[PDB]
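The chain below stands alone and is given as structure tokens, in the form deposited in one PDB entry.
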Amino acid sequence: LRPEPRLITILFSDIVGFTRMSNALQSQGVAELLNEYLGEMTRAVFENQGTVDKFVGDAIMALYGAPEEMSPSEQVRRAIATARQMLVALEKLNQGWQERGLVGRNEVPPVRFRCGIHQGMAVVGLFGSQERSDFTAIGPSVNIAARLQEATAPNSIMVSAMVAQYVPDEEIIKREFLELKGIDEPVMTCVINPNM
């Protein structure tokens, strides 16, 4: 399970305006909301055979194609299906939170998230020390997926040109070159239809 180059698909989802929300809600509520959210979103990943790499604050990092082998087309099919399922689950989560006066009330709006997906080469395996290590992916490909997530609009799914090669033309909303932090050359991005 040592680190080696591999073609994988990385998905990043990140809650919109979690900072403000993490101030207008008691620590008790913030913890419950975030965990209820993470529970449903990780379910979306697992049900689509993805791997939950880690959580980073209000974000979820998911991998497709590692550790288990997966074809390039299936990696994309599953990652997009995951993102679309996450949005569906979110709509249901907010209905419940609304009734519990956890969102929509006071100054905390319904939860929304941004999602970026990129497919490319990465060094994947166990990183860390003998005392503490974790399976993850390293390389510019991971940075790209993260910048796509940060660049896209709330409740939207932005993917790279690589990922878009496997997506029907009818499902591509917008094609646009963007300058992503850390990457020299402009990156072609495609916002895809959020509906399953």
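So that the term is clear: the rigid core is the largest set of C-alpha atoms that superpose within 1.5 Å between two forms. Residue indices: 1-based, along the sequence shown.
This next part talks about the form deposited in another entry, which is not shown.
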item	value
Rigid core fit then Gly139 CA moved by 2 Å or more between this form and the one not shown	no
Large Cα move at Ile172 between this form and the one not shown, threshold 2 Å, rigid core	no
Threshold 2 Å Cα movement between this form and the one not shown for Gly17, core superposed	yes
Distance trend in that other deposited form - C-alpha atoms of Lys92 and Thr19, change of 3 Å or more	closer
